[PDB]
Amino acid sequence: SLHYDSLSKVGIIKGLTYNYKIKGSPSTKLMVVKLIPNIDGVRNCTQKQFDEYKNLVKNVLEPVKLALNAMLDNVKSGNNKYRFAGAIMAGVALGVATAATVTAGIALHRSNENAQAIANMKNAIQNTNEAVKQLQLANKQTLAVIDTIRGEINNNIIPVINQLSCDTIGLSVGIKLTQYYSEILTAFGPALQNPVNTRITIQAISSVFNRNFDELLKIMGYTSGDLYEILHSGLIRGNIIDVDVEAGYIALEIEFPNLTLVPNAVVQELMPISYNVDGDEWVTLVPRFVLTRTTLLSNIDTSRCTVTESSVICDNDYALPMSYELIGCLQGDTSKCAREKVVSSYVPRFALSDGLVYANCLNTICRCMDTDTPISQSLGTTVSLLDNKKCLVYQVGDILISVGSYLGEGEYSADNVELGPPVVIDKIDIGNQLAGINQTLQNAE
Amino acid sequence: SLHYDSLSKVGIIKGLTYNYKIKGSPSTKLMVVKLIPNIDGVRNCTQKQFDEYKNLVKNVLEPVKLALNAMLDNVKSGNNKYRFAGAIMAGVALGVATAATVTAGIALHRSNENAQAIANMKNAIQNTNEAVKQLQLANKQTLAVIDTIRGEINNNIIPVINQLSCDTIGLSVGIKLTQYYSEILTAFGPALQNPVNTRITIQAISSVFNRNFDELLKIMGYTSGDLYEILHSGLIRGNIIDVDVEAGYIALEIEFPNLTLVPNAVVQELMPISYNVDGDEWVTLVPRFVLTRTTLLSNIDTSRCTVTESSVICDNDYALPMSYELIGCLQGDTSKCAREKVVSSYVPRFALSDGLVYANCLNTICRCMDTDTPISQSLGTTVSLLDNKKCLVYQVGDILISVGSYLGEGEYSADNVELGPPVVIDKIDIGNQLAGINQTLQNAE
Amino acid sequence: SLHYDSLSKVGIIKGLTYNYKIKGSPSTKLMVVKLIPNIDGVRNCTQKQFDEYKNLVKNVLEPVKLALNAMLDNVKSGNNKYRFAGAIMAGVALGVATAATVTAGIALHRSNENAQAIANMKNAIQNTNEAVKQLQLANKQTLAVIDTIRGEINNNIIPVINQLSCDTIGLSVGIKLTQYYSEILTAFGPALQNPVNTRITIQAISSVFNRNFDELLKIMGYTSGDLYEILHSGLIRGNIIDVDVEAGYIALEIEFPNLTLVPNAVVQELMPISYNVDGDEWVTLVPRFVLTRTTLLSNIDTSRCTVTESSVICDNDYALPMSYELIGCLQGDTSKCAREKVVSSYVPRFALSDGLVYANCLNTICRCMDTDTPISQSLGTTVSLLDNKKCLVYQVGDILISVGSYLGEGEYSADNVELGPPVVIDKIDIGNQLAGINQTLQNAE
Ligand SMILES: *[C@@H]1O[C@H](CO)[C@@H](O[C@@H]2O[C@H](CO)[C@@H](O[C@@H]3O[C@H](CO)[C@@H](O)[C@H](O)[C@@H]3O)[C@H](O)[C@H]2NC(C)=O)[C@H](O)[C@H]1NC(C)=O
Ligand SMILES: *[C@@H]1O[C@H](CO)[C@@H](O[C@@H]2O[C@H](CO)[C@@H](O[C@@H]3O[C@H](CO)[C@@H](O)[C@H](O)[C@@H]3O)[C@H](O)[C@H]2NC(C)=O)[C@H](O)[C@H]1NC(C)=O
Ligand SMILES: *[C@@H]1O[C@H](CO)[C@@H](O[C@@H]2O[C@H](CO)[C@@H](O[C@@H]3O[C@H](CO)[C@@H](O)[C@H](O)[C@@H]3O)[C@H](O)[C@H]2NC(C)=O)[C@H](O)[C@H]1NC(C)=O
Ligand SMILES: *[C@@H]1O[C@H](CO)[C@@H](O)[C@H](O)[C@H]1NC(C)=O
Ligand SMILES: *[C@@H]1O[C@H](CO)[C@@H](O)[C@H](O)[C@H]1NC(C)=O
Ligand SMILES: *[C@@H]1O[C@H](CO)[C@@H](O)[C@H](O)[C@H]1NC(C)=O
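Order-wise, the sequence lines are chains B, A and R. Whatever position you read off the first sequence (first residue = 1), add 470 for my numbering. Whatever position you read off the second sequence (first residue = 1), add 470 for my numbering. Whatever position you read off the third sequence (first residue = 1), add 470 for my numbering.
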């Protein structure tokens with residue numbers, strides 16, 4: 471295991487502990503986003519602006535419909551006696567594709583039944599007359615229809631239509647139309663270029679609906695405060711499954727993935743702090759998080775994942791290999807841990823763990839309050855430990871802290887420690903270092 | 471060239487292929503953004519809030535007008551006999567500048583005739599009375615005037631002004647004024663510090679106009695769906711060219727670049743996959759994209775560029791040098807390619823290219839469906855090729871795929887392959903590795 | 471010092487100079503954000519939607535109130551004779567925490583008097599009836615109350631309530647409620663998970679108030695155009711200090727930090743340019759900025775700081791150590807500077823400094839205008855210097871520039887220069903380089 475005793479002596483302290491979770495088997499819901507609203511009540515005046523808008527919508531949606539049909543043409547159902555019944559990808563026709571694209575092509579074909587079901591409700595979809603509405607399909611799944619422009623009209627024009635001239639109606643609706651179209655190009659643009667591979671988060675989808683993703687979740691059937699783990703990590707995503715160029719709408723399938731708890735896997739945080747070396751201040755280099763899975767160590771690359779209050783959530787397993795030298799450190803060999811000189815005025819100089827306080831008392835104030843006496847650590851010792859045995863309250867920096875009883879054998883000593891090699895890391899001077907060391911090899915004879 | 475036979479044996483597969491495009495000679499259009507609206511119809515009530523707002527505008531715009539004049543003072547036209555007729559930078563007065571800043575200072579002076587043309591229309595600019603409007607200059611270029619607050623007032627106050635008390639008018643317009651000013655500080659803030667160097671995308675400009683960049687493009691005369699290559703890569707950019715502190719407006723010149731297709735240059739994607747090594751799973755390290763230009767290889771740094779469906783588009787040529795060892799890989803010497811151990815549960819285990827499937831059948835399921843038979847690859851072989859000759863349909867993983875005819879001499883074998891060295895990369899343990907290897911040199915005698 | 475003479479010979483030119491500033495002792499202001507508005511005038515129709523909303527607010531705020539109480543339970547005031555009077559952290563109860571979290575826990579307890587003062591005004595806070603309002607506390611500090619939903623209602627519903635049916639009122643307010651709730655989850659989500667450690671910028675707070683941060687600054691008492699140094703660098707931040715689950719409001723304390731000018735510390739920019747080497751084009755690798763503090767060199771990592779027109783502003787001192795080899799360069803030893811081959815078509819080929827122009831005239835046009843004659847630099851020389859002595863105006867590239875008098879002894883020569891080692895840097899091929907060099911060590915015997 472981590473053997474935290476040997477780590478504490480070089481300013482690495484046992485931090486928080488988190489569960490590891492991964493995207494599991496997903497549930498799905500159907501949604502339709504309308505590009506062309508139902509113009510009822512303002513049809514008399516907006517005719518000139520609306521006819522321009524319909525052409526813009528048709529021109530934008532035609533390439534998408536072509537790309538979708540071109541993908542469906544490459545997938546055929548397993549009607550033959552083939553025992554692994556499913557769908558077959560025509561690899562000779564698709565030409566070049568990653569496993570992701572091939573899987574997405576199959577998933578698009580698998581999603582086509584929902585597209586047909588939605589298409590049979592086109593007459594109802596064109597008649598919603600409300601900012602957002604829920605409909606029932608022949609498959610008895612519910613369909614959420616988004617109608618943002620109808621919301622803008624129902625709230626800003628229809629209530630005051632008596633005070634607005636017909637010219638004003640034309641101009642105002644024209645502006646609202648162009649505004650909405652710019653929203654769609656901002657949010658859906660990538661998917662409109664490549665609809666098979668691209669996915670969109672529910673937040674980004676909701677940017678086309680005044681960022682009101684909560685209303686979308688509510689109408690699909692989920693409470694936005696309950697889904698926090700899935701919602702905030704960006705795992706609630708959707709993709710295009712069909713498009714209609716005459717009705718002007720995009721059919722999206724939204725995915726609500728469950729989260730599988732990874733068995734016997736734990737993410738451990740490490741808290742680095744400064745330590746004394748012959749009066750100088752040094753810090754040990756180790757990643758902020760390390761993943762222990764069935765006793766095996768690994769590096770998480772946590773920036774691509776979400777650190778919740780109690781778990782780390784990832785789109786897929788992101789564990790990376792770790793160099794033998796670093797594993798030495800994480801297994802108690804203090805002599806292999808790279809260390810770096812402190813230059814910044816401010817660097818963390820103490821930490822609390824299981825009620826014990828570890829501190830670099832040669833570079834920060836440390837005083838026993840029960841005896842109003844300063845605590846001195848010999849210049850050989852790296853870090854001091856504050857214990858319940860000597861004092862109940864200690865001053866550290868400008869704060870007072872109360873601490874617990876030491877759990878090891880005898881008493882803690884930090885002088886007989888095998889320090890590691892000094893290192894400096896930046897892209898710029900790594901090059902200089904590499905070149906300089908290679909000159910020795912170039913000169914070897 | 472890439473010699474993809476030798477690459478496939480270590481799990482690098484021929485991906486998609488793209489044109490390389492660069493920002494060319496630009497067209498330009500003129501725009502004015504007004505900070506101060508025309509207050510007609512609400513002039514009676516808003517006076518106290520409006521007089522504060524004019525002071526805030528003047529205080530913001532004065533330093534910009536100073537910085538602009540201080541730059542124009544350093545550029546003088548070539549009225550003397552100088553044979554390379556143009557404009558002269560007073561380098562002793564400018565003091566310290568990059569080539570970019572010197573060029574932008576010259577371009578500001580070159581733009582100043584448009585500033586004079588706009589300034590002679592100031593009387594009309596102060597009268598526009600519509601949310602966005604087009605004017606004709608004396609030079610018979612058109613000017614787009616943006617007037618966002620007049621849009622807010624025309625839509626939300628004037629239609630209901632009978633129902634609002636005069637105090638309510640004052641408060642509501644004071645809020646709209648402060649809101650708009652906070653938009654301007656968000657979007658233009660950098661350019662208001664440094665107007666010569668700074669550039670702003672048309673999207674970011676449109677954040678001052680309810681994100682409606684489509685309406686801006688329409689009025690400048692271009693259709694937002696037609697410009698996608700230039701628009702979405704963020705190459706439609708503007709900069710400040712003049713400011714008026716009493717009328718309270720910013721004059722912008724917006725740049726619509728052409729794209730030049732780079733001659734005899736191609737960007738090639740490389741798809742990595744896992745492969746077997748004696749029962750372990752390994753991946754080869756190569757960049758996702760490489761650029762071949764007149765048979766020269768180079769590294770693109772593609773994150774700074776846009777990958778469209780059919781081209782890679784860049785603000786400038788970004789080709790970087792490449793290490794001899796990696797060129798070795800990309801010219802078929804398998805022995806120099808660094809390789810990394812797979813630790814994640816998920817890494818891509820097959821890919822499709824020109825209708826062939828390459829797969830790592832010791833680490834994923836592979837079966838011939840025409841004979842309902844599992845496919846075995848001998849433990850020396852890195853990857854298996856799936857061919858038309860044996861089967862028309864293969865299962866790979868949980869998908870079925872139909873595949874094309876092999877094109878080489880004889881039949882593919884992937885056992886006699888010269889593997890490269892094992893590597894682990896992160897900044898931290900690059901540090902540890904560098905120090906540890908250098909101890910051999912430090913000890914040599 | 472930097473010894474710019476030796477640097478210019480390898481295409482490194484003296485750039486701009488900036489002050490170094492750090493976050494100092496902060497002032498503070500109090501703010502309350504209301505989740506539940508006062509429903510006056512629309513209470514008849516919205517009852518069904520409002521009762522749902524109150525439950526959502528309570529469910530969201532209860533965990534926050536629990537986490538806050540759980541933190542306050544660990545801090546006790548120094549009522550005993552302890553001489554360093556203040557507050558004591560119960561480290562045995564807190565368990566594991568970084569110095570930052572411990573300090574924030576103490577700061578939360580120190581902030582609790584303001585929480586009590588605000589809580590005694592709860593009856594007034596629930597009655598604001600205006601989009602934003604200022605109140606006076608018993609401590610005579612002013613409290614800013616944000617009431618966004620009341621603003622939306624006062625501007626879009628109450629002025630036209632005669633034209634809206636009761637059903638329409640219910641639906642429209644329901645949409646506004648869900649929209650606002652989604653804004654709150656977007657902006658405050660992180661703080662609602664971990665309220666002790668998390669901080670929010672005034673801009674992000676204002677996202678819950680139609681991005682109108684200017685109005686917030688105005689009501690708290692500061693002018694948004696005057697605070698630019700603190701405001702734009704993102705240093706105006708607030709954190710949660712109390713929450714009420716019945717009134718449904720979040721109490722925030724906002725921090726306005728002063729900026730301390732760091733004594734005898736200067737940030738110096740370095741402008742790299744190409745230079746000739748035996749007809750090839752090369753660039754020297756050095757960081758864009760370097761920090762000289764009391765004659766000591768250091769690396770700034772400027773991406774984490776704000777580069778204003780005249781100063782660099784940072785949240786804390788971020789100076790990092792620098793390798794001896796790079797310090798050699800920055801101290802005049804030209805032989806240690808890593809250099810890289812130019813491949814991109816465009817790289818900066820000239821620069822202006824103190825009125826002198828440095829240019830790579832073997833790779834760019836250079837002509838004297840007083841004599842209409844090209845300037846030739848011998849293939850041994852790296853960079854040419856343009857001086858007042860020979861010409862008053864020089865053409866460089868496609869621009870004309872006037873230059874000053876050389877200040878050194880004799881005349882400038884760039885041939886007898888000790889060039890450094892060639893280097894190539896990327897994460898991918900650093901691995902290949904490291905592996906290849908280590909094979910020599912593996913083979914040494
Ligand atoms: C292997 O790693 C060590 C790390 O300790 C490298 O040490 C470097 O050695 C040089 C020369 O001994 C140091 O140069 C400095 O020179 C000045 C002027 O003489 C002197 O005052 C300094 O005290 C120091 O000796 C350099 O600072 C040092 N660098 C580091 C980061 O420690 C060593 O170069 C590497 N081995 C080889 C063969 O390069
Ligand atoms: C330490 O650095 C030097 C450069 O200063 C490295 O030299 C490199 O050596 C290789 C192998 O000779 C060169 O690659 C190619 O070699 C073939 C056969 O000699 C030649 O025909 C090609 O034209 C090409 O030169 C390479 O160019 C050269 N330079 C660089 C920058 O890589 C040397 O490899 C390093 N030390 C060790 C032990 O590797
Ligand atoms: C140059 O590169 C080689 C790899 O090609 C480095 O080899 C690595 O060296 C360490 C120390 O000998 C090995 O660790 C030990 O491995 C054995 C067998 O797995 C294990 O029983 C020990 O407990 C310990 O972990 C490491 O495995 C080995 N790497 C490989 C892939 O075999 C070598 O260290 C480098 N040379 C220098 C001078 O740094
Ligand atoms: C539009 O025309 C219809 C015709 O049936 C009429 O009922 C309606 O009042 C008209 N509306 C406006 C705003 O002119
Ligand atoms: C403002 O004054 C004009 C007369 O100058 C009047 O016609 C208009 O109705 C007034 N508006 C208000 C809101 O008092
Ligand atoms: C709501 O009820 C009050 C009476 O308490 C009445 O004065 C008010 O006009 C009503 N509003 C609506 C919209 O029905």
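By construction, the Cβ of each residue, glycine as well, lies at the ideal position given by its N, Cα and C atoms.
- When secondary structure is reduced to three states using DSSP, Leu578 of chain R falls in the helix class.
- Collapsing the DSSP output to three states places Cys831 of chain A in coil.
- In the three-state DSSP reduction, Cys836 of chain B falls in the strand class (E or B).
- Per DSSP, the continuous alpha helix (DSSP H) segment holding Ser478 of chain B begins and ends at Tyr474 to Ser478.
- Remark: the C-beta of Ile907 of chain B is outside contact range of ligand 2, defined as less than 7 Å to any heavy atom.
- Shown here, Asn734 of chain A sits in a strand according to DSSP, grouped into three states.
- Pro818 of chain A reaches chain B at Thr568, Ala569 and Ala570, counting residues in chain order whose Cβ is nearer than 8 Å.
- The C-alpha of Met839 of chain R is placed about 39 Å away from the C-alpha of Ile672 of chain A.
- The alpha-carbon of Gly561 of chain A is positioned some 17 Å away from that of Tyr552 of chain A.
- The three-state secondary structure of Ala717 of chain R, taken from DSSP, is coil.
- No Cβ-Cβ contact shorter than 8 Å links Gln519 of chain A with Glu779 of chain R.
- For the stretch 506 to 518 of chain A, there are no residues whose beta carbon sits under 7 Å from a beta carbon of chain B.
- The secondary-structure analysis by DSSP pairs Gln604 of chain R across a beta bridge with R:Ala614.
- At least one CB atom of chain R sits nearer than 8 Å to the CB of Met792 of chain A.
- Between the beta-carbon of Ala821 of chain A and that of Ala569 of chain B there is about 6 Å, and that keeps the pair under the 8 Å contact cut.
- Annotated as distal: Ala808 of chain R and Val887 of chain R, with beta-carbon spacing of 8 Å or more.
- DSSP, reduced to helix, strand and coil, places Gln865 of chain B within a strand of the structure shown.
- Not one heavy atom of ligand 4 falls within 7 Å of the beta-carbon of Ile623 of chain B.
- For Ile558 of chain R, the three-state secondary structure derived from DSSP is strand.
- Close CB contacts of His473 of chain B within its chain, under the 7 Å cut and outside five residues either way in sequence, are with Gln801 and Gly802 (chain order).
- Distance from the CA of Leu911 of chain A to the CA of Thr910 of chain B, rounded to the nearest whole angstrom, comes to 7 Å.
- The shortest C-alpha to C-alpha distance from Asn709 of chain R to any of R:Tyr692, R:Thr730 and R:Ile670 is the one to R:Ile670.
- Between the stretch 625 to 638 of chain B and the stretch 510 to 530 of chain B, the count of Cβ pairs shorter than 8 Å is three or higher; the stretches touch.
- Where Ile483 of chain B is concerned, there is no enclosing alpha helix (DSSP H), although the beta strand (DSSP E) around it starts and stops at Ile482 to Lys504.
- In terms of Cα proximity to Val747 of chain B, the closest of B:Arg580, B:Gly850, B:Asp896 and B:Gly485 is B:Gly850.
- Exclusion of the five residues before and after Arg763 of chain R leaves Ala735 as the residues of its chain whose Cβ lies within less than 6 Å of its Cβ.
- Residue burial is scored here from C-beta neighbours: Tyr488 of chain B has at least 16 other C-beta atoms within 10 angstroms and is therefore classed as buried.
- With respect to the 8 Å criterion, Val812 of chain B and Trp752 of chain B are classified as neighbours on the basis of their beta carbons.
- The C-beta of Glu739 of chain A has 16 or more other C-beta atoms within 10 Å across all chains shown, which makes the residue buried.
- For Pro757 of chain R, a Cβ of chain B is located within less than 8 Å of the residue's own Cβ.
- DSSP places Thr568 of chain B within a strand segment (E or B) once states are collapsed to three.
- Of all C-beta pairs linking the stretch 487 to 501 of chain R to the stretch 609 to 618 of chain R, three or more are shorter than 8 Å, placing the two stretches in contact.
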